[PDB]
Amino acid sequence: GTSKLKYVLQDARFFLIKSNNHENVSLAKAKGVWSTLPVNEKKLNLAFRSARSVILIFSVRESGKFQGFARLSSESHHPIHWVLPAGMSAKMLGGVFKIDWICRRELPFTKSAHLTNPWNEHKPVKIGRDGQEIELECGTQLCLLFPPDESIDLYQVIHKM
């Protein structure tokens, strides 16, 4: 069913989150954590206090796909063995957000071509800088396009709201 998913997404806020590589998404899926640069850390902390659910929709750069989506379960807090771009130190990251995965399945950009994001000039939702907010209706429809992830039980996530 899709009803518990719709409940989690009710009045949620949504953000497009990019990853430099697949390894960091794999680590995030295994450990339930994410980290960003300080600019997006501030945005996500403000949103976490502001809304019943904050949803991160992940896309590895140049992959042509989204790799899943998760709900923030905490504000950022201050070692995870991230695989960082050349020249980047771990000291350049903000804190660590805890996340609960809602779907670990992928969705190719070709399947979201009918959805536009009002907060990025109504461009297709796949288009946006890291941290771009996705308006509620667009974000809800995007999440509902993903294949169902029958390995996840949203009962536990609902209790955290």
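Just so we're on the same page, rigid core means the largest C-alpha set that superposes within 1.5 Å between forms. All residue numbers refer to positions in the sequence shown, first residue = 1.
Averaged as a root mean square over residues and superposed structures in 8 other deposited structures of this protein, CA distances to the shown form are larger in 94-102; the pair compared was 94-102 and 109-117 with a core fit. Take 65-73 and 35-43, fit the other structures onto the shown form by the rigid core, and average the C-alpha distances in 8 other deposited structures of this protein: the farther stretch is 35-43.
The gap between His78 and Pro79 holds 1 to 3 unmodelled residues of the deposited sequence. In this crystal structure, the stretch out of 5-13 and 149-157 whose C-alpha atoms carry the higher mean B factor is 149-157. Taking the PDB entry as given, 92-100 carries the higher mean Cα B factor of the two stretches 131-139 and 92-100.
As recorded in the PDB entry, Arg49 shows the highest C-alpha B-factor of the residues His114, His122, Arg49, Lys65.
Ranked within its chain, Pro38 lands in the highest third, by CA B factor from the PDB record. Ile57: CA B factor lies in the lowest third for its chain, per the PDB record.
In the PDB entry, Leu44 places in the lowest third of its chain by CA B-factor. Among all modelled residues in its chain, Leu107 ranks in the middle third by Cα B-factor.
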